[PDB]
Structure formats: C-alpha cells, structure tokens
Amino acid sequence: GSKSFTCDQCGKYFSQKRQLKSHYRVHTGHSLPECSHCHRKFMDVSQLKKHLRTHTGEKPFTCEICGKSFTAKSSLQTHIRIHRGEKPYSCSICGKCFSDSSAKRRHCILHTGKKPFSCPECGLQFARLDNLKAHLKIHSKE
DNA sequence: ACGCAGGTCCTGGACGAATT
DNA sequence: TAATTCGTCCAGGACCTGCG
Ligand SMILES: [Zn+2]
Ligand SMILES: [Zn+2]
Ligand SMILES: [Zn+2]
Ligand SMILES: [Zn+2]
Ligand SMILES: [Zn+2]
C-alpha cells in the first residue's frame, strides 16, 4: 500500500499516476467543472451547482420567522441567530460580542491598528477597503 | 461632514461526510 | 474500496446603515 507519485504543488501522495493527474486539476484548473454561463471553474460539480444560483437568483433557504430567503443554508443559519439574539462570537480583547462570525473577525483587526488601504488622491489610510471606496466617491464629486 | 464601524448577506475554497 | 458528489464550516469580502 505504498505511494510513489507526489504533487509538486501541495505534496500529497498517490498510488497511481492517473490519480495524481486527476488531483493536479485543482492547481491548473484544466478539466475542472466549468460553468456554462461565466466559464469559471470549481473544485467539484456540487460547488458548481451552488454557483449556478448566482446567475439565476435562486434563494432556496427561507427563514420561517420573517420570510426572507438566502442563497445558502449557512447564511440562513447565521441570519436566524439575529432573531434569537444569539451572539456566540466575542472579541477576546475588548469583550464585544457578535452574532456574525465575519463581523467578529473584522472587528478584531481594529485592535492591530493596521490600515493597509491608502487613498491614491490624498493619502488617507483606511483599515477597510469598502470605507476607502466610499471615501473615493467624495473625491469623485470634484 | 464624513470617517468609523457594526449590520447584513452573498460568494466560494476547504474538507470531512455521504453517495455512487 | 475508490471515486465522485454532497453538506458544512468558515474566511473574505460588498453593500447598507447610523453614530460621534
Ligand atoms: Zn496538489
Ligand atoms: Zn457562472
Ligand atoms: Zn428571518
Ligand atoms: Zn475587540
Ligand atoms: Zn482621499
């Protein structure tokens, strides 16, 4: 049960050359499941079917509390915690709690003080790109 | 004013689970 | 069993919003 074929990208082992060639598609994209609309590629056909809803607008996960629908069950699961006031994610530095996992991760970056987004017009630095994009709209109004 | 930051939800890669 | 397909988590955003 040895394995002699290795991937020069991630280092995973395979017992047959054909097994290595099939796995190597995740690094080059060749022969991956390709969307017929935008021609983007994904890891397997199930991830492709999830992406298909981005073109059709289908939201098959509806909240039974307010009636709003979502594209993914994970998004619905996160949304339901809003109705119940469930905030399991907390910042270990200041104690601020969030129901959204990304809101907590985004908040914790503020304790580092890093502002890697600098305005190309005036040089004002921002910790988030979306706030810089909104700031540049003020510049757009000449 | 408008920078700041939390609210909200869409998007997709990661990865074990379930199916074929 | 091996390969494919699926479910799920989770990271990374974009758009919206009100506060100081
Ligand atoms: Zn590899
Ligand atoms: Zn597509
Ligand atoms: Zn709801
Ligand atoms: Zn904090
Ligand atoms: Zn500027």
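Scope of the values below: all heavy atoms of this structure, side chains included, with no hydrogens, waters or symmetry mates. So you know, we letter chains A, B, ... as the sequences are listed, proteins then strands, and number each from 1.
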DNA chain C-proximal residues of residues 63-96 of chain A, any heavy atom under 4.0 Å: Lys73(A), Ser74(A), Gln77(A)

Ignoring the backbone of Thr54(A), work out which of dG7(B), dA11(C), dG12(B) is nearest its side chain. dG12(B)

Using distance alone, with no hydrogens and no angle criterion, decide if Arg81(A) and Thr78(A) have a side-chain donor and acceptor under 3.5 Å apart. yes

Examine the base of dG13(C) for any acceptor or donor lying under 3.5 Å from a partner atom in the side chain of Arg105(A), and report the outcome as yes or no. no

Specify the separation, in whole Å, of atom CG of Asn131(A) and atom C1' of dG7(B). 13 Å

Can you check the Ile109(A) CD1 to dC4(B) P distance for me, whole Å? 15 Å

Can you check the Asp100(A) CG to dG7(B) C1' distance for me, whole Å? 8 Å

Does atom NZ of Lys41(A) have more than 12 heavy-atom neighbours, drawn from other residues, nucleotides or ligands, at distances under 6.0 Å? yes

Nearest atoms (heavy-atom pairs only) where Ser99(A) meets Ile82(A): OG-CG1, 3.9 Å

Side chain to side chain, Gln125(A) and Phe117(A), heavy atoms closer than 4.5 Å: no

Between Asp130(A) (CG) and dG3(B) (P), how many Å, whole number? 12 Å

Nearest whole angstrom, please: distance from the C1' of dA14(B) to the CE of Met43(A). 9 Å

Checking contacts here: which listed nucleotide (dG12(C), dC10(B), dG6(B)) is nearest the side-chain heavy atoms of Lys59(A)? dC10(B)

Without decimals, in angstroms, what is the distance between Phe126(A) CZ and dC4(B) P? 6 Å

So which of residues 44-52 of chain A are in contact with DNA chain C, with a heavy-atom cut-off of under 4.0 Å? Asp44(A), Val45(A), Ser46(A), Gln47(A), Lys49(A), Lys50(A)

Closest of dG12(B), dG6(B), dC9(B) to the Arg106(A) side chain is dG6(B)

The test is side chain to side chain contact (heavy atoms under 4.5 Å, CB included); show your working for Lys104(A) and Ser90(A) and say whether it passes. CA-CA 7 Å; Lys104(A) 176 255 179 178; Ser90(A) 65; over 6 Å; no

Pair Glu34(A), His39(A): side-chain N/O donor-acceptor within cut-off below 3.5 Å: yes

Report the distance from atom NZ of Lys104(A) to atom P of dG7(B), rounded to the nearest whole Å. 14 Å

Test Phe98(A) against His107(A) for side chain to side chain contact (heavy atoms under 4.5 Å, CB included), laying out the working first. CA-CA 9 Å; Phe98(A) 304 85; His107(A) 158 82; 3.5 Å; yes

North or south: which describes the sugar of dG16(B), going by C1'-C2'-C3'-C4'? south

Aromatic rings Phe14(A) and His23(A): how do their planes relate, parallel, tilted or perpendicular, breaks at 30° and 60°? tilted

Which nucleotide in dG6(B), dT4(C), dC15(C) has an atom nearest any side-chain atom of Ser22(A): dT4(C)

Identify the two heavy atoms, one from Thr62(A) and one from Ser69(A), that lie closest to each other, and give their separation to 0.1 Å. OG1-OG, 2.6 Å

Round to the nearest Å and state the distance from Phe98(A) atom CZ to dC10(C) atom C1'. 17 Å

